[PDB]
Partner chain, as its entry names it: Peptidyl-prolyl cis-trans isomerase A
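Quick heads-up: it's one chain on its own, the form solved without the partner chain, in structure tokens.
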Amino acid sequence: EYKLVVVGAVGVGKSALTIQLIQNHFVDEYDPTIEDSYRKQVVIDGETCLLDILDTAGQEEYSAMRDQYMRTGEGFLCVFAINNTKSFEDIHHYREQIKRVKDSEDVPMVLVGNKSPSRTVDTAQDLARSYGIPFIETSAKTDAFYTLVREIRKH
């Protein structure tokens, strides 16, 4: 069982991007207000697999309970988008709070740029390199979390 935890600003598409993997069918309007665990039974690179993808949602809460919840996230996808840039400014805060809950600098992780017309932020491919993490240039409209699943294995 591999527990994954997608994370971002309200509007990035974590709620949607989960639907393509779990249900392979886009939901254009989804409620951005509720988080559930989508368990899956998918062969990955030839293995027994049962993901437990958390679709994070809600108002931020720095509490004991919520820290220990996301600390169980075996891996995170920090989702940002290109329509917005506020997104690309929250991306550091999320990354750093994942290091706090996980008590380490090195946590399986993946920056993800979504919605690829506005293009506020050019491919920061460079930023991801400093983060020491990959990039999937995802498009839920047209989706690789396997990109992230490598890191966790390496761990």
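Positions refer to the first chain, counted from 1.
- In this entry, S116 and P117 are separated by 1 to 3 residues of the deposited sequence that lack coordinates.
- According to the entry, the deposited sequence places 4 to 9 unmodelled residues between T142 and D143.
- Of the two segments examined, 85-93 and 64-72, it is 85-93 that shows the higher average Cα temperature factor in the deposited entry.
- Taking only the listed residues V107, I44, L54, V110, the entry reports the highest CA temperature factor at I44.
- Among the modelled residues of its chain, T33 has a C-alpha B-factor that falls in the lowest third according to the deposited record.
- When all modelled residues of the chain are sorted by CA temperature factor, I152 is found within the middle third.
- Sort the chain's modelled residues by C-alpha temperature factor and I98 lands in the lowest third, per the entry.
- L17: CA B factor lies in the middle third for its chain, per the PDB record.
One more form of this protein should be noted, the form solved in complex with the partner chain, which is absent from this view; the next part is about it.
- The partner chain is not shown here, and in the entry with it bound it never comes within 4.5 Å of any heavy atom of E47.
- The partner chain in the entry with it bound comes within 4.5 Å of a heavy atom belonging to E61.
- Within 4.5 Å of some heavy atom of the partner chain in the entry with it bound lies at least one heavy atom of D36.
- Taking the partner from elsewhere, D31 is found to have a heavy atom lying within 4.5 Å of the partner chain in the entry with it bound.
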